[PDB]
Amino acid sequence: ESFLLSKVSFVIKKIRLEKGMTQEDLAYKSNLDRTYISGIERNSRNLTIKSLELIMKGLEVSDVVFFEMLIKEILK
Amino acid sequence: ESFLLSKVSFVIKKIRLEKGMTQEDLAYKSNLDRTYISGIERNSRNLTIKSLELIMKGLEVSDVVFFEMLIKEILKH
Amino acid sequence: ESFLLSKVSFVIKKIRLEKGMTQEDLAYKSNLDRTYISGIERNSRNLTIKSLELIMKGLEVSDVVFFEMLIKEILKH
Amino acid sequence: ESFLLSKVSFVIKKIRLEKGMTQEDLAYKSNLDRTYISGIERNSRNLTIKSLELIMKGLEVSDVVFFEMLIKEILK
DNA sequence: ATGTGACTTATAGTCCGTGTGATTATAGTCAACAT
DNA sequence: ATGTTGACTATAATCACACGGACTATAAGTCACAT
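Residue numbers (the UniProt record's numbering), protein chains in the order written: chain G, 2 to 77; chain P, 2 to 78; chain L, 2 to 78; chain C, 2 to 77.
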């Protein structure tokens, strides 16, 4: 697997939780598949930017906040 | 098309020129086709995080540094 | 345009495919531009004996056997 | 300089002589410059196929006969 | 609720080639004077 | 006759790039069945 990919996924999971969402609800909100999301969170998926963008919409988080977070997460 | 993509697209080119690289050099070190590097910069193609990671390694730049410039380009007017 | 040129350009391609090479290998091995190899085959282009020699070295072929295949191509109907 | 380019030039000179032609006449017959011809024969020019072709027409020699000769000259 | 697996279908990514403006090196062509 | 030296100017040859079609790998999106 990839280092970045795991932290993207970790971040996605982090934010979903800090907000109190279920996967079911992140899937609904972003108009994507729930198993799709589960896959990403166990990090069994290699998103495209577009997909990442949809997940950010679903999380209701701007690109900037996401990347600010991803950076922090990246530095152990 | 996509907001984030053209930003990612823009930043890949910006860095590449800042480092005096050519598409040929880049696609070189990213072990992607020079067609793909062109494709990305040209028509903001929808790359995968893994591919983006390869390009970062190609640009001889870190995850962090890239995303910090990404944030800057998004914030601009 | 020129009789001999399209014969030369035909034979460069023939050999290139016979040896299972691609254009951009040959462009490397011949120590000429990517687009020049294309341009020679694609249209014809008016190359120099020195450049022709480089290509022959690149096709991994001798002056002699090149010209022998050149003669054969000229002689065709 | 180049081996091939030398043998080419030598051949051009050879054929010119076996036909009893002067350079002046070889240049008239192919409409090129006499100093141009001179230059090739003293191996100071790297001609293009197009030019080579004009010289063959000026020598009144077919492409095939030229290369047949060029091959033989190439083999010592 | 979340996590599998496995199975299509869209598309990301590859591979080989075409065609092009802009710049640099050099062949094409023609002087003057040689011998 | 041929040789040589500068020249000017056409174009060979370079360099960075765009663009397309066809093919291969894989992400996108949806089932069934776990827990």
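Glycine residues also receive a C-beta, built at the ideal position from the N, C-alpha and C atoms.
Contacts of residue i in chain P (Cβ-Cβ under 8 Å)
i, result
"residue 47 (chain G)", "49, 50 and 51"
"residue 27 (chain G)", "Residues of chain P passing the Cβ test: none, with the nearest at roughly 18 Å."
Cutoff 8 Å; reference residue i; Cβ partners in own chain excluding five residues on either side
i, result
"residue 1 (chain P)", "In the structure as shown, chain P starts at 2 and stops at 78, and residue 1 (chain P) therefore has no counterpart that could be examined."
"residue 12 (chain G)", "67, 70, 71 and 74"
"residue 1 (chain C)", "This structure cannot speak to residue 1 (chain C), because chain C is shown only from 2 to 77."
"residue 2 (chain P)", "45"
"residue 61 (chain L)", "20 and 30"
Residues near residue i by beta carbon distance below 6 Å, same chain, minus five either side
i, result
"residue 14 (chain P)", "42"
"residue 38 (chain L)", "24, 27 and 28"
"residue 40 (chain C)", "46"
"residue 1 (chain L)", "Residue 1 (chain L) lies beyond the range of chain L shown here (2 to 78); nothing can be said about it."
Anticipated Cβ contact below 8 Å, residue i with residue j, distance rounded
i, j, result
"residue 16 (chain P)", "residue 68 (chain G)", "Rounded, the Cβ-Cβ distance is 16 Å, inconsistent with contact."
"residue 30 (chain P)", "residue 59 (chain P)", "4 Å"
"residue 6 (chain C)", "residue 44 (chain C)", "7 Å"
Contact set between residue i and chain L, taken where Cβ atoms lie within less than 7 Å
i, result
"residue 12 (chain C)", "The contacting residues do not exist; residue 12 (chain C) stays about 11 Å from chain L at best."
Own chain, CB closer than 7 Å to residue i, minus 5 neighbours either side, in chain order
i, result
"residue 8 (chain L)", "71, 74 and 75"
"residue 35 (chain G)", "24, 25 and 28"
"residue 10 (chain G)", "41, 42 and 44"
Cβ-Cβ distance between residue i and residue j below 8 Å
i, j, result
"residue 50 (chain L)", "residue 48 (chain C)", "yes"
Chain L residues whose Cβ lies nearer than 8 Å to that of residue i
i, result
"residue 39 (chain C)", "Here the premise fails: no neighbours, minimum Cβ distance about 17 Å."
"residue 6 (chain C)", "50, 51 and 54"
Contact list for residue i against chain G, beta-carbon separation under 7 Å
i, result
"residue 75 (chain P)", "64 and 65"
Chain-ordered chain P contacts of residue i [CB-CB under 9 Å]
i, result
"residue 72 (chain G)", "64, 65, 68, 69 and 72"
"residue 3 (chain G)", "50, 51 and 54"
So within the UniProt domain "HTH cro/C1-type" (13-68) of chain L, which uninterrupted beta strand (DSSP E) runs reach at least 3 residues, ignoring any that extend past its ends?
none
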